[PDB]
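As structure tokens, one chain now follows by itself in the form solved without the DNA.
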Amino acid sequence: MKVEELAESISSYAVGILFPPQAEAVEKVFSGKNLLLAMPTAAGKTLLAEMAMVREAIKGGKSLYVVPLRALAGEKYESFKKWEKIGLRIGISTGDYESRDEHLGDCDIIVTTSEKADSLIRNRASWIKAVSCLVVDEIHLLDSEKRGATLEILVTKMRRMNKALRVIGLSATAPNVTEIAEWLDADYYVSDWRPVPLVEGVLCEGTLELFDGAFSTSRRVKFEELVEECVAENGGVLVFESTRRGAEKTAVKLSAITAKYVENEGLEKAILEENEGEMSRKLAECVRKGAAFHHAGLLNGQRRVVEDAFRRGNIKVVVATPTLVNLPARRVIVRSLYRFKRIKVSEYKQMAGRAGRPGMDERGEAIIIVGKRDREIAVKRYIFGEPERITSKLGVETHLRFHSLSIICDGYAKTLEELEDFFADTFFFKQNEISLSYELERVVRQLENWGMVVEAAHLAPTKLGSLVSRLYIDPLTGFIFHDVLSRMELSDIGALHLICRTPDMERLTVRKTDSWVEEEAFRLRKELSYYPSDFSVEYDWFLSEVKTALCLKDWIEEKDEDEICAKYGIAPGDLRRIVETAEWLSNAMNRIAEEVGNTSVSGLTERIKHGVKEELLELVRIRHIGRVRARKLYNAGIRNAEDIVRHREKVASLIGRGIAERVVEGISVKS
């Protein structure tokens, strides 16, 4: 079997109209052994993995492509539909935890996220045991203080479950990537190869020094011009700023330039299609003039609209933040080098690594605009310089606690010893051979104290623990709930506040101006699950909890979004992010509540989800009608599904003929 041949033939069919020079890569991909691929651009890295899967499929196996963000999940998912021409059946699962998703079980490639995978495992999906090859994309994220831990545990749990499991890790370039390969028992393959070469250049006092390997080409140019230059050519310029305010500020100036080239007026409406005012205002017209800014503030809608547009060219410039998703662009400017501390070689490398514009450009330009703080650092360390070494973060108590509970429940470790053994098979161990027996002992006790783990001369989970496990929430969270609930029984704000006490919840920042919070917090005292000293150290952590719960409150009290935003000083995307989260825990808190018997939270989740009152719940369940429409309809006779039908003409007068039509189309088909 001349593997090179197969690989080629296979790719072409599906793709047709791109991956490493020498055999090694392909040679290994088809070997069947665990394999770690370390390359810069995700480009060739992914097709090798894909082939890996295509092959495994034909062998009659099943692959589970894992990704870190729920975002990529979709991107990769679609990307794999390409192999449908060959009869592979792709499937995806994201966001649903308490479910085994048994329908995926008959897919050849199942894309999901690290967490979702871990969950599916805790929730004992039946297909997992069928997965023969696990591909861990962006495995270098093993260094991620947030992500790492799950990766280490997922991989381990999975390996320990199936010795025949073939793990394929895909990572960015880093020095210790080989030890990863060792921890994975895999043939590695490393390379600096890039489809479209990259030129990294720094820009100082009017001069741009482009580095082509060992040479250089100084020139006199100005930022505004570098942008227009490529913009002029329509190669796409991607600028990076370390702020939300900064990204928007610049995303504006450039619109001046991008304006005289394109006038996207239909897309200006595409933005406002969901929100308006201050922020969305800016992005909207900004886009009308070619430019745009991309940050966590926008809504997943406004984002994908700006992304799709920059891809097609409608948008000439996209000013984002390190928070950044495939954005093809010829030029890539990096405004600052510090993170208002300094940016990691990694972040820069990644940022620069977007300059390639495969199949449209010959080279990629990435410029680090630096001042004069001895610009040598931007050259000596960033341009020419190794990225930071991947260091495992599973060590923290947090993660330990979080995962141990899972391990002791799912039946991997039945004694403290074998719990210690489990963590020994970790990348954390392989990396620093440290016995965590101490802390790990502390954990299991605390897990016992919290009533989640029981010591009957054998470690086992309690009904509660199994729950906390399946809910995939921090056991501390599960405790705060089970404790407070089993004892008292709060109200709206009281419950919204309880959630915000939880570590799993996001909180807002309290500005010097948010004075009401402190007052409101007092008035509402006696209602909250606890109340700190006016000058206790936690009065600040407290006030955030309140301000956050107050926010959810307004959301739940149907307050205008833009209004809620302005009030709390956050952006629509944030609000959506917070509510989104708040709900998940809200569900968690309720299921926990039930187990104890408390009910003061019974119909909270629903409210949180739609941000409606309670009287509108019946209306919002209909194909989701939204707070706005639901209110209008409720302010009239239409107060449920039935009434929307019987008074059709009326409905359409309130909501709209179009929307009206769509809404009814669903109800009848059901009832």
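Take the two forms, find the largest set of C-alpha atoms that superpose within 1.5 Å, and that set is the rigid core. Just count from 1 along the sequence shown to find any residue number.
- According to the record, the deposited sequence contains no missing residues between residue 71 and residue 72, so the chain is continuous there.
- Per the record, residue 340 and residue 341 are separated by 4 to 9 deposited residues that have no coordinates.
- Of the two stretches examined, 177-185 and 225-233, the record assigns the greater average C-alpha temperature factor to 225-233.
- Of the two segments examined, 97-105 and 464-472, it is 97-105 that shows the higher average Cα temperature factor in the deposited entry.
- The PDB entry assigns its highest CA temperature factor, among 447, 493, 500, 271, to 271.
- In this structure the maximum Cα B-factor among 218, 435, 404, 600 is found at 218.
- Among all modelled residues in its chain, residue 308 ranks in the highest third by Cα B-factor.
- Residue 439 sits in the middle third of its chain by CA B factor, as recorded in the PDB entry.
- The deposited CA B-factor of residue 156 belongs to the lowest third of values across its chain.
- Among all modelled residues in its chain, residue 458 ranks in the highest third by Cα B-factor.
- Among the modelled residues of its chain, residue 363 has a C-alpha B-factor that falls in the highest third, as given in the PDB entry.
Another form, the form deposited with the DNA bound, is not on view; read the next lines as being about it.
- Of the candidate stretches 143-151, 307-315, 407-415, 435-443, only 143-151 contains residues with a heavy atom within 4.5 Å of the DNA in the deposited bound form.
- The contact with the DNA in the deposited bound form, taken as any heavy atom within 4.5 Å, belongs to 340 out of 522, 215, 384, 340.
- Interface residue among 583, 138, 365, 108 relative to the DNA in the deposited bound form, by the heavy atom within 4.5 Å criterion: 583.
- For residue 303, a non-hydrogen atom is located within 4.5 Å of the DNA in the deposited bound form, even though that partner is not displayed.
- At the 4.5 Å threshold, heavy atoms of residue 373 reach the DNA in the deposited bound form.
- At a distance threshold of 4.5 angstroms between non-hydrogen atoms, residue 531 is out of contact with the DNA in the deposited bound form.
- Within this chain, residue 620 lines the site of the DNA in the deposited bound form, having a heavy atom no more than 4.5 Å away.
- Applying a 4.5 Å heavy atom cutoff to the DNA in the deposited bound form picks out 670 as the lone residue from 649-671.
- Only one of 138, 101, 583, 474 has its C-alpha shifted by 2 Å or more between the shown form and the other one once the core is superposed, and that residue is 101.
- With a change of no less than 3 Å, the CA-CA distance between residue 472 and residue 99 is larger in the deposited bound form than in the form shown.
- Relative to what is shown, residue 110 and residue 99 are closer in the deposited bound form; their C-alpha atoms differ in spacing by at least 3 Å.
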